[PDB]
Amino acid sequence: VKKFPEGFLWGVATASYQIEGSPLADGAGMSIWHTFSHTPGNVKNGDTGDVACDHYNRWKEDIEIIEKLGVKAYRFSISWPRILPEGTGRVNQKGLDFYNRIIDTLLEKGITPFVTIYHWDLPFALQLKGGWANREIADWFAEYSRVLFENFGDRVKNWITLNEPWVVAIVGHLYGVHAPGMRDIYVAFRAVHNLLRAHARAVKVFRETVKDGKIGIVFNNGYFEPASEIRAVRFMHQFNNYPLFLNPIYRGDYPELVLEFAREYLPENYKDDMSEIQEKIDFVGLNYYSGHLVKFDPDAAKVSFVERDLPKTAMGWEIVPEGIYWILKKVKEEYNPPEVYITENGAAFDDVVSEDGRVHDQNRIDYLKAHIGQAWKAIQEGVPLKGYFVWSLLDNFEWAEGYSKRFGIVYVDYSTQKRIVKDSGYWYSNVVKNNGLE
Ligand SMILES: OC[C@H]1NNC[C@@H](O)[C@@H]1O
Ligand SMILES: [Ca+2]
């Protein structure tokens with residue numbers, strides 16, 4: 001037996017652009033993911049979020065799936081351009097209506113909503129004004145967040161400002177692999193800094209508007225091990241993991257090795273913003289998927305990855321369950337946040353529907369079991385983990401990989417939009433019902 005604390009929150013997670021489709025329905029503005037995916041060469045197979053899982057129409061069915069599995073929490077995100085089509089100013093009631101219905105339905109069914117305010121679908125109108133590169137986005141984001149709090153804060157009490165701000169800044173503005181598809185290191189570090197400022201403004205407004213909820217922020221994390229008997233592992237953790245952001249929030253500056261690498265790229269007077277960035281948060285959400293062997297490498301960031309002969313997912317990600325334990329221990333050790341959630345953990349496998357009508361994803365059961373087991377351990381050793389969210393409820397649009405990578409515990413047949421609960425979803429429901437592993 002590995003039984004979790006009473007009231008531990010078992011969840012599933014999605015994001016608006018990955019599942020919804022109908023990006024321009026009911027007066028919604030374009031997002032940067034709409035324009036990025038409609039640009040040839042950016043996304044595998046020319047795939048876009050035009051239809052995705054058609055959750056925009058099938059939302060009731062999908063929630064009924066969450067209910068039927070007995071899953072206790074649903075992490076989903078709100079499309080900023082459905083709410084404010086030009087990013088600021090005008091509010092679109094039909095956009096609010098869409099999320100109102102989802103929210104009321106969840107509550108009616110006893111499911112706890114966790115709302116991600118920003119999961120990467122920036123209004124295109126704001127991107128024309130520089131998007132995350134423009135300091136003014138702290139204001140635009142604060143106004144957007146205020147609208148959400150005023151409309152939904154009576155019912156939704158668990159909020160996340162940003163999903164994976166490292167990805168948004170670095171994959172979006174340095175690697176150019178995600179919207180808005182830029183490759184400029186100075187822009188990417190200004191986006192890091194402005195993501196922090198916007199995050200802190202939204203928390204500040206949250207305290208003024210929703211005096212009963214909790215708000216936090218979500219980071220991607222890798223488990224970095226050194227290829228030999230070091231500092232490159234230190235750098236990768238500080239740069240790619242929660243410290244890039246938590247060091248400002250908790251300690252009022254960027255991590256030491258980040259400054260060593262990136263000081264020239266930050267605004268000259270960036271410290272002027274740090275006391276505001278220290279706005280108190282209620283919880284930290286950590287996403288975790290993979291471990292990486294890392295070694296120093298002259299002329300790289302001075303770091304390269306070393307391939308290991310370990311089980312991998314369809315992403316090529318090495319399966320390293322101990323990583324989730326490590327990152328949970330490490331966050332308590334470094335910043336001691338009052339609550340932590342695992343806001344995403346999951347895997348992509350080449351799922352197939354058998355002749356029996358089933359999806360026998362034993363590889364995904366094995367992945368989830370092992371990571372839940374390591375999360376359990378962290379809890380036994382004092383980490384205040386309050387919940388765990390499987391990425392994802394549904395197979396969906398996996399960004400620049402398009403539909404070619406399936407992360408769901410529910411299979412989606414894209415030709416018919418049929419949902420087929422996978423073995424891993426059945427398995428997970430039993431875990432939730434039991435409040436743990438057996
Ligand atoms: O790559 C898998 C997931 N990672 N975190 C954020 C999600 O949007 C991704 O699909
Ligand atoms: Ca289209």
# chains A, B, ... in the order shown; residues from 1 in each chain; ligands from 1
call {"tool": "select_by_dssp", "arguments": {"residues": "region 324-418 of chain A", "states": "strand (DSSP E)", "output": "list in words"}}
result
residues 340, 341, 342, 343, 344, 345, 385, 386, 387, 388, 389, 390, 391, 410, 411, 412, 413 and 418 of chain A
call {"tool": "residues_near_ligand", "arguments": {"ligand": "ligand 2", "cutoff": "9 Å", "atoms": "only C-alpha atoms and all ligand atoms", "output": "PyMOL selection string"}}
result
chain A and resi 23+34-35+37-38+48-51
call {"tool": "write_last_selection", "arguments": {"atoms": "C-alpha atoms", "output": "PDB file, in the first residue's frame"}}
result
ATOM      1  CA  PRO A  23     -10.209  29.182 -32.337  1.00  0.00           C
ATOM      2  CA  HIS A  34      -3.287  30.282 -34.603  1.00  0.00           C
ATOM      3  CA  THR A  35      -0.935  32.473 -36.693  1.00  0.00           C
ATOM      4  CA  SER A  37       0.544  27.059 -36.803  1.00  0.00           C
ATOM      5  CA  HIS A  38      -0.872  28.586 -40.030  1.00  0.00           C
ATOM      6  CA  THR A  48      -3.130  23.287 -36.437  1.00  0.00           C
ATOM      7  CA  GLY A  49      -5.480  23.821 -33.516  1.00  0.00           C
ATOM      8  CA  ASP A  50      -8.456  24.493 -35.847  1.00  0.00           C
ATOM      9  CA  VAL A  51     -10.329  21.383 -34.731  1.00  0.00           C
TER      10      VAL A  51
END
call {"tool": "closest_residue", "arguments": {"among": "A:173, A:92, A:1, A:389", "to": "residue 113 (chain A)", "atoms": "only C-alpha atoms"}}
result
A:389
call {"tool": "closest_residue", "arguments": {"among": "A:25, A:147, A:246, A:182", "to": "residue 196 (chain A)", "atoms": "only C-alpha atoms"}}
result
A:246
call {"tool": "residues_around", "arguments": {"residues": "region 222-235 of chain A", "least_positions_apart": "6", "cutoff": "7 Å", "atoms": "only C-alpha atoms", "output": "list in words"}}
result
residues 241, 257, 258, 288, 289, 290, 291, 292, 293, 294, 295, 296, 303 and 323 of chain A
call {"tool": "write_last_selection", "arguments": {"atoms": "C-alpha atoms", "output": "PDB file, in the first residue's frame"}}
result
ATOM      1  CA  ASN A 241      13.959  24.440 -13.674  1.00  0.00           C
ATOM      2  CA  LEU A 257      24.636  30.754 -12.788  1.00  0.00           C
ATOM      3  CA  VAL A 258      21.747  32.315 -14.784  1.00  0.00           C
ATOM      4  CA  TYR A 288       7.902  16.812 -14.678  1.00  0.00           C
ATOM      5  CA  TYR A 289       8.439  14.272 -17.566  1.00  0.00           C
ATOM      6  CA  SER A 290      12.054  13.430 -18.081  1.00  0.00           C
ATOM      7  CA  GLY A 291      15.645  13.083 -16.960  1.00  0.00           C
ATOM      8  CA  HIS A 292      18.746  14.261 -18.818  1.00  0.00           C
ATOM      9  CA  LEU A 293      22.410  13.335 -18.748  1.00  0.00           C
ATOM     10  CA  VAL A 294      24.357  16.524 -19.044  1.00  0.00           C
ATOM     11  CA  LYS A 295      28.028  17.392 -19.356  1.00  0.00           C
ATOM     12  CA  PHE A 296      30.025  20.577 -19.923  1.00  0.00           C
ATOM     13  CA  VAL A 303      26.068  22.382 -22.028  1.00  0.00           C
ATOM     14  CA  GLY A 323      13.410  12.650 -10.989  1.00  0.00           C
TER      15      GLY A 323
END
call {"tool": "closest_residue", "arguments": {"among": "A:58, A:330, A:119, A:68", "to": "ligand 1", "atoms": "only C-alpha atoms and all ligand atoms"}}
result
A:119
call {"tool": "residues_near_ligand", "arguments": {"ligand": "ligand 1", "cutoff": "8 Å", "atoms": "only C-alpha atoms and all ligand atoms", "output": "list in words"}}
result
residues 14, 15, 18, 119, 163, 164, 220, 287, 289, 344, 346, 347, 391, 392, 396, 397, 398, 399 and 407 of chain A
call {"tool": "closest_residue", "arguments": {"among": "A:364, A:171, A:355, A:127", "to": "residue 312 (chain A)", "atoms": "only C-alpha atoms"}}
result
A:364
call {"tool": "residues_around", "arguments": {"residues": "region 263-270 of chain A", "least_positions_apart": "6", "cutoff": "9 Å", "atoms": "only C-alpha atoms", "output": "PyMOL selection string"}}
result
chain A and resi 185-190+192-193
call {"tool": "atom_distance", "arguments": {"atom1": "CA of residue 6 (chain A)", "atom2": "CA of residue 386 (chain A)"}}
result
9.7 Å
call {"tool": "residues_around", "arguments": {"residues": "residue 311 (chain A)", "least_positions_apart": "4", "cutoff": "10 Å", "atoms": "only C-alpha atoms", "output": "mmCIF file with N, CA and C atoms, in the first residue's frame"}}
result
data_model
loop_
_atom_site.group_PDB
_atom_site.id
_atom_site.type_symbol
_atom_site.label_atom_id
_atom_site.label_comp_id
_atom_site.auth_asym_id
_atom_site.auth_seq_id
_atom_site.Cartn_x
_atom_site.Cartn_y
_atom_site.Cartn_z
ATOM 1 N N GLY A 316 11.070 10.709 -27.254
ATOM 2 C CA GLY A 316 12.502 10.519 -27.075
ATOM 3 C C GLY A 316 12.936 10.894 -25.664
ATOM 4 N N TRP A 317 11.972 11.086 -24.763
ATOM 5 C CA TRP A 317 12.271 11.484 -23.398
ATOM 6 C C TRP A 317 12.622 10.248 -22.562
ATOM 7 N N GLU A 318 13.740 10.302 -21.854
ATOM 8 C CA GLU A 318 14.136 9.214 -20.963
ATOM 9 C C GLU A 318 13.243 9.140 -19.752
ATOM 10 N N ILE A 319 12.787 7.924 -19.444
ATOM 11 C CA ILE A 319 11.874 7.678 -18.333
ATOM 12 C C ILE A 319 12.721 7.522 -17.088
ATOM 13 N N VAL A 320 12.602 8.484 -16.166
ATOM 14 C CA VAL A 320 13.444 8.510 -14.961
ATOM 15 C C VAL A 320 12.593 8.898 -13.767
ATOM 16 N N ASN A 363 2.668 0.461 -21.131
ATOM 17 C CA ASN A 363 3.833 1.334 -20.995
ATOM 18 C C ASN A 363 3.516 2.631 -20.235
#
call {"tool": "atom_distance", "arguments": {"atom1": "CA of residue 401 (chain A)", "atom2": "CA of residue 43 (chain A)"}}
result
6.1 Å
call {"tool": "closest_residue", "arguments": {"among": "A:160, A:315, A:277, A:137", "to": "residue 249 (chain A)", "atoms": "only C-alpha atoms"}}
result
A:277
call {"tool": "closest_residue", "arguments": {"among": "A:154, A:136, A:297, A:212", "to": "residue 194 (chain A)", "atoms": "only C-alpha atoms"}}
result
A:136
call {"tool": "residues_around", "arguments": {"residues": "residue 145 (chain A)", "least_positions_apart": "4", "cutoff": "12 Å", "atoms": "only C-alpha atoms", "output": "MDAnalysis selection string"}}
result
chainID A and resid 78:80 83:84 87:88 115:118 137:141 149:153 159:162 198:210 215
